[PDB]
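> Pasting a structure here, questions to come.
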Amino acid sequence: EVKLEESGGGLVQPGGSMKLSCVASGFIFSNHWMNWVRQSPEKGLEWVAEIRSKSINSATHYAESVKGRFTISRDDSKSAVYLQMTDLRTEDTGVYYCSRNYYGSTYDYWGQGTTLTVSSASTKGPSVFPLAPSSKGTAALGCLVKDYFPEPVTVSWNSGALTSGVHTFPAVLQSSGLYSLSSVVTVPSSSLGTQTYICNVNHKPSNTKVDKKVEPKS
Amino acid sequence: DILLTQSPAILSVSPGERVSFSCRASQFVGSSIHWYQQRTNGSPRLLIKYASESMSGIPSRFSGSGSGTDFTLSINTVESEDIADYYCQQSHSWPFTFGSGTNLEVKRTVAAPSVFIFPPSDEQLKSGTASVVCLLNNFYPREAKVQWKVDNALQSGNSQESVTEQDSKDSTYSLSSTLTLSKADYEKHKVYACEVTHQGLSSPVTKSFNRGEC
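If you read the protein sequences in the order shown, they are chains W and F.
Residue 345 in my numbering sits at position 193 of the first sequence, and the numbers go up by one each step.
Residue 23 in my numbering sits at position 31 of the second sequence, and the numbers go up by one each step.
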């Protein structure tokens, strides 16, 4: 079967450089035209660059948005295609897919994608604040997980023992360049006096682990 | 570049329903329109090539049609594995371009949200910032209006919303709206209110609190 496998994504500051790699198997690599296609919420799917086969001089082609900054190359002996990026911009942030284009038609095979984040924000763990159950059936409570970078954080409740009714929202990027999110859960009001509720917040990039007990406010 | 307009951005389908969605090219593209499926956290997968030719291994309920500028992907009876995003792509001329996608979601009956408001914690206030959170729990459809009112002044520009993915069990959404003020601005005002308008509520719901009372 055909497999494409990317690597090399990560976090970089604006103006920076980064090289992506992709290894192919399951087809005659040197016959085919290899591409990078990126995806972001703001711009959707965008073709980035293509390098064609050695039989036609390994011609390269670039999207106008990356021309002069990106260089695509291939190494047929390693079945690898690469994307060297320079002068990176915040709007280059996205998931970068290695993809085969079938001789100027479909993108008929795609990798798993590798993530590029271009940001001047510094790595920072979150502050965790309680969302206390209201003193006025069913109650809601949670934890606010504020001002961390980069993504992701993980949130569990009671060390994983509490899963039903949990909603951990997608993170939102604040104007500060830091992320924030809330994790909430609905529980029986009667259980507020018999059961403790602790959110366990882990942020691997900063080696931050925080347990916050959430109780009714006095 | 040739632009591809996909419509609708969001299409709601009931299990067993026959559905279709549209890809319109900003200029003539002949039959060079190709369709892809992308499931949550997955990669695009080629489904249909040259408007109407199905790829091998792709189930027969998928069919494509169209030529010139207006193209259609049809699913004759959606199955739950078809809940995903769908993209079109043209290869008529360079550079190759993609549409913005149509998201397929599960249609269910209307469900009203349960609404909750949370004042900023004393801990956070001690740090110079106040976040006020309004929660809409397990509702459908996704469209809802959440307005913050602070001493009767409608807030604009200082709140952010987040929405969960559709729940796998009850097909609802949940939503947070977070109002962010400086500690000094928070302490200038007394009454903090979140008002929620949703199809499932016979009248809009307001949750509120007086700063510093409990």
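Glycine included, C-beta positions come from ideal geometry on N, C-alpha and C.
Using the C-alpha atoms, what's the distance from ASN129 of chain F back to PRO105 of chain F?
5 Å
> Output the distance between the C-alpha atoms of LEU325 of chain W and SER332 of chain W, rounded to the nearest integer angstrom.
7 Å
> 7 Å is my cut-off, CB to CB: does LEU117 of chain F come that close to chain W?
no
> For a minimum of 3 consecutive residues, which ranges assigned as the beta strand (DSSP E) are wholly contained in the segment 16 to 78 of chain F?
25 to 30, 37 to 41, 54 to 59, 62 to 68
> Residues of the segment 196 to 218 of chain W with a CB closer than 7 Å to any CB of chain F: list them in chain order, please.
Those residues of the segment 196 to 218 of chain W that come within reach of chain F (Cβ to Cβ, closer than 7 Å) are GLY196, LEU197, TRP199, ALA215.
> Could you tell me whether the segment 97 to 111 of chain F touches the segment 152 to 168 of chain F, where touching means 3 or more Cβ pairs closer than 8 Å?
yes
> Buried or exposed: where does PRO166 of chain W fall if 16 or more other Cβ atoms within 10 Å of its Cβ makes it buried?
exposed
> Nearest to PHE20 of chain F by alpha carbon, out of F:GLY58, F:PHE13, F:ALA76, F:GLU135?
Sorting F:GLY58, F:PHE13, F:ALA76, F:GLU135 by C-alpha distance to the C-alpha of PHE20 of chain F places F:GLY58 at the top.
> Give me the Cα-Cα distance between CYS351 of chain W and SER308 of chain W, rounded to the nearest whole angstrom.
6 Å
> In three-state terms, what does DSSP make of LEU(-5) of chain F?
coil
> Whose Cβ in chain B lies nearer than 9 Å to the Cβ of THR156 of chain F?
Among the protein chains of the structure shown, namely W and F, there is no chain B.
> What's the gap between the Cα of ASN359 of chain W and the Cα of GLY49 of chain F?
Their backbone Cα atoms lie some 45 Å apart in a straight line.
> Any beta carbon of chain F sitting closer than 7 Å to that of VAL336 of chain W?
yes
> Does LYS369 of chain W come out as helix, strand or coil in the three-state DSSP assignment?
coil
> Could you tell me whether the segment 362 to 370 of chain W touches the segment 24 to 43 of chain F, where touching means 3 or more Cβ pairs closer than 8 Å?
As far as the Cβ criterion goes, the segment 362 to 370 of chain W does not touch the segment 24 to 43 of chain F, which means the pair count is below three.
> Could you tell me the boundaries of the beta strand (DSSP E) in which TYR261 of chain W lies?
259 to 262
> Quick check on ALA122 of chain F: does DSSP put it in helix, strand or coil?
strand
> For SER251 of chain W, which residues in the same chain have their Cβ closer than 6 Å to its Cβ, ignoring the five residues on either side in sequence?
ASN187, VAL189, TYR259, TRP262
> Against chain W, does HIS190 of chain F count as a neighbour if the rule is that its beta carbon must be under 7 Å from one of theirs?
no
> Can you tell me which of F:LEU(-5), F:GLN81, F:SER66 puts its alpha carbon nearest to the alpha carbon of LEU3 of chain F?
F:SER66
> Using a Cβ-Cβ cut-off of 7 Å, state whether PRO340 of chain W counts as contacting chain F.
no
> On the three-pair Cβ rule with 8 Å, is the segment 338 to 355 of chain W touching the segment 293 to 304 of chain W?
yes
> If we ignore side chains and look at the alpha-carbon of each, how far apart do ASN150 of chain F and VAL154 of chain W end up?
Going from the Cα of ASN150 of chain F to the Cα of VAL154 of chain W covers about 48 Å.
> Can you list, in chain order, the residues of the segment 286 to 312 of chain W whose Cβ is nearer than 8 Å to any Cβ on chain F?
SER286, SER287, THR290, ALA292, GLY294, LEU296, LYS298
> DSSP state of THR315 of chain W, grouped into three classes?
coil
> Does the distance from the C-beta atom of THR94 of chain F to that of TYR78 of chain F stay below 7 Å?
yes
> Reducing DSSP to helix, strand and coil, say where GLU115 of chain F ends up.
helix
> Closer than 8 Å by beta-carbon distance: list the chain F residues that pair up with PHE281 of chain W, in chain order.
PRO112, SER113, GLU115, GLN116, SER123
> For the structure I just gave you, are there three or more beta carbon pairs, one from the segment 268 to 282 of chain W and one from the segment 202 to 212 of chain W, closer than 8 Å?
Segments in contact, no.
> Would you mind giving the Cβ-Cβ distance between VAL339 of chain W and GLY317 of chain W, rounded to the nearest angstrom? I have them listed as a contact below 8 Å.
7 Å
> Using a C-beta to C-beta distance shorter than 7 Å, which residues of chain F count as neighbours of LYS369 of chain W?
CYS206
> Among F:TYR132, F:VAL183, F:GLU71, F:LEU117, which has the Cα closest to the Cα of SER174 of chain F?
F:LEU117
> Kindly give me the distance between the Cβ atoms of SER23 of chain F and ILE109 of chain F, rounded to whole angstroms, as I take these residues to be in contact under 8 Å.
At roughly 55 Å, the Cβ-Cβ gap does not stay under 8 Å, so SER23 of chain F and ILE109 of chain F are not in contact.
> Using DSSP with H/G/I as helix, E/B as strand and the rest coil, what is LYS155 of chain W?
strand
> Determine, for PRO87 of chain F, whether the minimum Cβ-Cβ distance to residues of chain W falls below 7 Å.
yes
> For the segment 17 to 46 of chain F, which residues have a beta carbon sitting closer than 9 Å to at least one beta carbon of chain W?
Look at the segment 17 to 46 of chain F: the residues with a C-beta under 9 Å from a C-beta of chain W are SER24, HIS26, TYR28, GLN30, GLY34, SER35, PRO36, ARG37, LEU38, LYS41, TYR42.
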